[PDB]
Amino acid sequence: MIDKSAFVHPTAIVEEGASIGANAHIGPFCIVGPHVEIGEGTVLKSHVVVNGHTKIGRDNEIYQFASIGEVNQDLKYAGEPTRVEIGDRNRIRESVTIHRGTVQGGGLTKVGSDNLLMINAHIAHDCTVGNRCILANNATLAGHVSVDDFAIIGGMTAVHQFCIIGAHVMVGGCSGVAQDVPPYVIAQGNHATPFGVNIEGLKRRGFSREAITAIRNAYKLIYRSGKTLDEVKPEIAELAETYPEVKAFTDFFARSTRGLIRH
């Protein structure tokens, strides 16, 4: 149902069954499907399409010409009732596309909270975007991509299907990411290669000097020691016995399927 304190523009079309929370705002020429849930305080500026089985949280701002929940572009998708989940306080700018999952991929495309999704950013079927991320203009996630917390993806950058963008990563603009990017790393180029630890981001987010140093040492194990990833895995787990921030590497290794970006 539509909360009595929500606003639906007379020109918007909210189909029966849609759930609109208190003090939400559905602007002019919006289309909201019958399986959509829009949380308290969320704003659809105008000309927004939201359909499918789509759950949107609180205090989001979705700008004109965005397409949220829409049928995905996977070649095998056949209309199965998959899902989209979007959290809270996200800013979803003009022409962003966020597509529903595929049965084969797990049925869910998920976006966290406090993200900035810039003009024409694309979140393909079965992607998982975390919290406090930034996807710049025209940043494109192919199917099944994970972008972990605080990760930043520069403008005009594409992420190859199934890849993982680790937490606190920064991918420079105009890059093509064809493999997995470990947490805390700067990547850039096409194909993208690693350019060290995102020190400035770790600074600004309150990482201690000891944590940044341990992370930098974990970086050197992976990329400078010359040892294989299998040799360095216990060495990094060892270092994480003292510096818990280094565990992000261990958890990341367990999920990686396409290998790490390398130079």
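The numbering used is simple: start at 1 and walk along the sequence shown.
Higher-scoring stretch by recorded Cα B factor average, 229-237 or 201-209:
According to the entry, 229-237 carries the higher average C-alpha B-factor.
If you average the CA temperature factors as listed in the entry, which stretch comes out higher, 30-38 or 190-198?
Between 190-198 and 30-38, it is 190-198.
Between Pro81, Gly130, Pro183, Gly143, where does the Cα B-factor run highest in the record?
Across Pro81, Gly130, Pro183, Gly143, the entry lists the biggest C-alpha B-factor for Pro81.
Looking at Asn120, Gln73, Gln179, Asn90, which one carries the largest C-alpha B-factor according to the PDB entry?
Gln179 has the highest C-alpha B-factor of those listed.
Lowest, middle or highest third: which one holds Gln104 when the chain's residues are ordered by CA B-factor from the entry?
It belongs to the middle third of the chain when residues are ordered by C-alpha B-factor.
Relative to the other modelled residues in the chain, which third contains the C-alpha temperature factor of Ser95: lowest, middle or highest?
For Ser95, the deposited C-alpha B-factor lands in the middle third.
Where does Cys174 sit by CA temperature factor within its chain: lowest, middle or highest third?
It falls in the top third of the chain.
Taking the chain's C-alpha temperature factors as the reference, tell me which third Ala214 falls into: lowest, middle or highest.
Ranked within chain, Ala214 CA B lands in the middle tercile.
Taking the entry's C-alpha B-factors for this chain, is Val14 in the lowest, middle or highest third?
Its C-alpha B-factor, which the entry lists for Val14, ranks in the middle third among residues of this chain.
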